[PDB]
Each structure stands twice: as C-alpha cells, then as structure tokens.
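**Student:** compute the structure for the input listed below.
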Amino acid sequence: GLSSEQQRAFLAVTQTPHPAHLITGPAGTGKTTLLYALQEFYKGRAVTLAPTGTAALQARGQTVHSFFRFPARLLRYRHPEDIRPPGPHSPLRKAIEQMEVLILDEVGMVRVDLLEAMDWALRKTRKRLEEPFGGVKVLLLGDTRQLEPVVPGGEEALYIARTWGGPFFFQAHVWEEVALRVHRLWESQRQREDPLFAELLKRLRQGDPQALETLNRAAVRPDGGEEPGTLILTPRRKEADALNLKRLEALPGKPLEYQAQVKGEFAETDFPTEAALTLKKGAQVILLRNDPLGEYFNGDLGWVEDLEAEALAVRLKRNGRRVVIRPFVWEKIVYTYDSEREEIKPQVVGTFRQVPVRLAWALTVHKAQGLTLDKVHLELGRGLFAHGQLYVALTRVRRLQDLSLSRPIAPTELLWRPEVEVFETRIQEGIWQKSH
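**Tutor:** Residues are numbered from 1 along each chain as shown. Right below this line is the structure:
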C-alpha cells in the first residue's frame with residue numbers, strides 16, 4: 001500500500017549494500033509517509049534520530065544527543081573526552097551492536113561536528129575503526145533548503161572553521177571515505193505551475209541583482225494584507241503571536257481555553273503546539289495532524305465555528321466544512337534494547353495531549369516549513385539576512401501572483417552560502433564526493 005513515486009525511491013535505497021543515501025524533497029506531508037514506510041519496514045534493524053527535539057517528535061524518533069549521550073557543547077573531531085562509548089555490557093552498546101540502519105531526519109539542521117561525533121561513536125563502539133560507521137547503513141533525509149545550523153562565535157567558531165571550514169553536515173570528513181548516494185524526489189507537486197517562479201528563486205539564490213529588481217517591481221506592497229485568504233509570515237516566533245492575539249481578541253465571540261495533559265517527560269522546548277490554546281468562534285486555525293479517518297490533513301487551514309470542552313468544529317478552506325477535531329496524545333520516544341529477539345525495540349517516555357490547532361492568522365516561517373499555502377504576506381523587521389530566511393519564505397507558495405511583502409528586500413538577504421551552491425549543483429549527479 002505504497003504511493004506511486006515513493007516506492008521507486010524506497011526500493012532504490014533498500015537494495016544496494018551501499019551504506020549512505022540522502023533523500024531530498026520539499027518536506028512534511030507526502031514526504032513523511034515514506035519515512036513511516038521505512039521505519040515500519042526496518043522494524044528489526046533501524047534507529048530513527050534527529051538533531052533537535054522538535055524534529056525528533058515529528059519523525060517518531062529520539063534526538064541524537066539524548067541517544068548517544070553527547071554533551072551540549074562543541075563536539076571536537078574524534079575527541080575521546082567529548083565522544084565517550086558506553087561501558088561494556090551496556091544497553092547503549094547493545095543498541096549500537098544490533099542496529100544496521102540509522103535514519104537521520106532533517107539532516108540540514110545537523111551540524112558537521114554532530115555527524116563526525118556520530119561517526120566516531122559508531123566506530124569506537126562497534127570496533128570497526130577502518131570502515132565508516134562500522135559498516136552501518138546511514139539513511140539521511142533532508143533537503144538543501146532548511147539550512148543552516150548555529151555556530152555562536154569565538155574560538156568555538158574558529159574550531160569549526162579550522163577543522164572543517166564550514167558548519168554544514170556535508171563537510172564531515174566521512175564523505176572522503178563514502179560516496180553519498182543521492183535520491184531527490186522533489187515531486188510532491190513541485191513545480192509545474194510557474195517554472196519562471198522557480199527560475200526567479202534560482203536567480204536570487206545565485207545573487208543576480210536585476211532579478212531582485214524585478215522581484216521588487218512585482219511584490220512591493222503596503223504593510224497589512226487587506227485581501228481575503230492572506231497568511232502573514234514572520235522570521236521569528238515572538239512577533240507573529242502578538243499579531244495573532246490582536247486578531248483573536250477583536251472577535252465577537254466567547255473564548256474557550258483548552259488543556260494540556262502530559263503523562264511523562266516532555267520538555268517545554270519540544271512542545272509541538274501551544275500548551276494554553278485559547279480559541280474563539282470564527283478563529284482562523286491550521287490543522288497539525290493527519291486524520292486517521294482520511295477527512296483532513298496535517299496543514300490546510302480553516303475556521304472554528306463551535307468550541308466545547310473536548311470538541312470544536314472547523315470549516316476547511318480546501319474542501320468546505322468537513323470536520324470535528326479529535327484531540328491527540330503523542331509520542332515522546334527514547335530507544336532501549338529489550339530482549340524480544342536481541343533487537344530494536346522502542347519505548348515511550350512521555351505524552352502530550354491536546355486538540356491540534358495553532359492560531360494561523362500569522363505563522364512563523366519555521367513552523368510553516370514543509371507546507372504549501374494559498375496567499376502570503378511577508379512582514380519584515382528590515383534585515384537579519386546573512387544567508388537569510390529569504391529562499392524559504394518565498395518558496396512557501398507556488399506562483400509569483402500572491403506574494404505581498406513590505407520592505408523591498410536587499411540582495412545581501414537573498415543569497416545562498418557558496419559552499420551550499422557547490423554542493424547543490426554537484427548532487428544533481430546522484431552521488432557526491434568531497435573534493436580532496
């Protein structure tokens with residue numbers, strides 16, 4: 001019961017003995033079901049990890065740091081003080097011994113030192129130091145869009161510069177020993193609606209300033225989208241919530257707040273939605289879950305019409321007024337080896353229960369990652385813009401003809417890091433080797 005195009009990549013990855021694959025595509029809905037197919041198929045041999053807790057949550061996995069017990073600091077190259085294998089007869093050792101495949105979601109947020117520390121931990125623990133990852137097949141899923149990771153500054157930053165040159169996952173030395181076999185799907189539908197729009201994005205990525213001139217001569221419009229169906233995007237979370245609250249309070253209806261019940265260990269930094277979710281009749285919301293009954297999908301928006309203590313009704317914009325919410329409780333997972341065979345199995349250490357919606361008059365780009373929207377307005381604080389949030393705010397829509405931005409953007413906020421451009425153009429061949 002697999003999709004038309006997911007299965008081809010699934011089999012292209014799951015036959016070769018080759019231990020390194022990167023599956024790239026505009027993520028979220030569509031992409032994720034392939035991840036679910038891989039994790040269910042690999043039940044016996046595979047561990048699912050992600051670089052952040054919030055990324056781990058959606059992937060039904062665990063964070064790299066909590067799994068390997070890496071410290072919350074710079075992970076020096078192959079350094080034994082930072083990268084410590086577990087003691088003998090340890091559960092972590094058994095889990096590393098028995099794993100054959102490591103599935104790493106959101107690889108674009110994986111810093112280079114983290115990937116190198118994963119490599120060393122696997123080599124040391126599995127006592128195969130001359131072959132990458134002790135022979136373990138690593139299955140990466142990211143996409144070159146959602147980059148880059150955080151490099152604070154000072155001597156720590158210099159270490160990243162001195163040892164690897166850059167912060168990106170593909171600058172790990174392990175690729176001098178393995179070719180990264182590459183599978184792009186990129187076909188969610190994207191993008192036959194406006195090939196020129198995709199070109200325009202490509203030209204802005206490559207730093208061609210006259211294309212920035214045409215973008216300004218097409219998208220510059222006042223602050224505030226007075227047109228129906230217009231979503232407001234912000235670079236940071238703090239600013240959008242104030243707009244959403246302003247809109248929510250000016251609503252002729254009685255508000256209702258819903259609860260958050262947790263039944264274990266669930267850190268606030270990992271919260272998938274608001275813990276105190278206040279709604280009103282008529283509120284614009286966006287759905288956050290896939291309906292088991294197939295009536296709704298994780299991400300088209302709509303409006304609250306009725307609010308009750310354990311039920312509210314949303315009219316969906318895509319296909320009219322369908323669905324009543326059912327709150328979910330979900331999936332804070334860490335991995336432990338139990339002797340059901342000597343193999344994988346998982347365990348859950350926390351739960352988070354709430355009806356899914358987020359106030360969706362405004363969203364942050366970060367929460368909007370992996371979603372296709374009808375009409376957008378980019379509000380702006382006039383520039384953060386080193387290798388900025390430009391490509392991935394613009395890419396959220398299919399066509400030029402619905403963008404509305406303040407603050408006509410300058411070229412310095414419009415340009416990919418060059419080390420990304422070389423990698424992107426080079427992984428079009430289907431295999432990637434770092435050059436000497």
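**Student:** what ranges do the helices span in the stretch 251-400 of the chain?
**Tutor:** Using DSSP state H, counting those that start in this stretch, the helices found in the stretch 251-400 of the chain span residues 365-368, 390-394.
**Student:** so which of these is the most packed in?
**Tutor:** Burial of the helices of the stretch 251-400 of the chain is given as mean neighbour count (mean count of other Cβ atoms under 10 Å); helix 390-394 ranks first at a mean of 21. Where C-beta positions appear, they are placed from N, C-alpha and C, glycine not excepted.
**Student:** after that helix comes which helix or strand?
**Tutor:** The first helix or strand that comes after helix 390-394 along the chain, using DSSP states H and E, is strand 403-405.
**Student:** other residues contacting that next one?
**Tutor:** Strand 403-405 is contacted from outside by 218-221, 225, 227, 230, 375-380, 394, 397, using Cβ atoms under 8 Å, 6 or more residues apart in numbering.
**Student:** so how do I select the buried members of the residues you listed in ChimeraX?
**Tutor:** Selecting only the buried entries of the contacts of strand 403-405 in ChimeraX, with 16 or more other Cβ atoms under 10 Å as the criterion:
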select :219,221,225,230,375,376,377,378,379,380,394,397
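**Student:** could I get the helices of the stretch 251-400 of the chain in JSON lines, plus columns for distance to residue 39?
**Tutor:** Listed next are the helices of the stretch 251-400 of the chain as JSON lines, based on distance: least, Cβ to Cβ, whole Å:
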{"stretch": "helix 365-368", "distance to residue 39": "23"}
{"stretch": "helix 390-394", "distance to residue 39": "26"}
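**Student:** relative to residue 19, which of those helices is closest?
**Tutor:** Each of these has some distance to residue 19 by Cβ to Cβ; the shortest is helix 390-394, at 30.0 Å.
**Student:** elements contacting that closest one?
**Tutor:** Judged by 3 or more Cβ pairs under 8 Å, 6 or more residues apart in numbering; DSSP states H and E, helix 390-394 is in contact with helix 195-205, strand 376-378.
**Student:** so of those, which one's packed in deepest?
**Tutor:** Most buried of those by mean neighbour count (mean count of other Cβ under 10 Å) is strand 376-378; its value is a mean of 23.
**Student:** rewinding a little: for residue 93, find the nearest of the helices of the stretch 251-400 of the chain.
**Tutor:** With Cβ to Cβ as the criterion, residue 93 lies closest to helix 365-368 of the helices of the stretch 251-400 of the chain, at 36.1 Å.
**Student:** what residues does the closest one touch?
**Tutor:** Surrounding helix 365-368, the residues in contact under the criterion Cβ under 8 Å, 6+ apart are 233-235, 237, 358, 389, 392-393, 396.
**Student:** going by neighbour count, which of those residues are buried?
**Tutor:** Buried members of the contacts of helix 365-368, counted by 16+ other Cβ under 10 Å: 233-235, 358, 389, 392-393, 396.
**Student:** circling back to that earlier point, and which of the contacts of strand 403-405 is nearest residue 135?
**Tutor:** Using Cβ to Cβ, the shortest approach to residue 135 within the contacts of strand 403-405 belongs to residue 394, at 41.6 Å.
**Student:** so the residue nearest to that closest one when sequence neighbours are not counted versus residue 408, what's the distance?
**Tutor:** Distances taken as Cβ to Cβ, 6 or more residues apart in numbering place residue 201 nearest to residue 394, at 6.0 Å, with adjacent residues excluded. Distance check for residue 201 against residue 408: by Cβ to Cβ, to the nearest Å, it reads 16 Å.
**Student:** would you mind finding the longest helix in the protein?
**Tutor:** Counting by DSSP state H, the longest helix found in the chain is helix 112-126.
**Student:** returning to what we had before: just the closest of the contacts of strand 403-405 to residue 108, please.
**Tutor:** Closest approach to residue 108 among the contacts of strand 403-405 (Cβ to Cβ): residue 394, at 17.2 Å.
**Student:** now do the contacts for the closest one.
**Tutor:** 201, 204, 378, 403.
**Student:** can you tell me how far it is from residue 89?
**Tutor:** Distance, residue 394 to residue 89, using Cβ to Cβ: 53 Å.
**Student:** quick one on the thing from earlier: nearest to residue 420, of the buried ones among the contacts of helix 365-368?
**Tutor:** Nearest to residue 420 out of those is residue 392 (Cβ to Cβ; 12.4 Å).
**Student:** please list all residues in contact with residue 159.
**Tutor:** Counting by Cβ under 8 Å, 6+ apart, residue 159 makes contact with 74, 76.
**Student:** from residue 114, how far off is it?
**Tutor:** For residue 159, the distance to residue 114 equals 14 Å [Cβ to Cβ].
**Student:** what's the answer for residue 135, then?
**Tutor:** To residue 114, residue 135 is 20 Å away according to Cβ to Cβ.
**Student:** who has more neighbours, those two?
**Tutor:** The neighbour count for residue 135 versus residue 114, taken as other Cβ atoms under 10 Å, is higher for residue 114 (21 against 13).
**Student:** quick one: contacts for that one?
**Tutor:** Residue 114 neighbours (Cβ under 8 Å, 6+ apart): 51, 64-65, 70, 75, 169.
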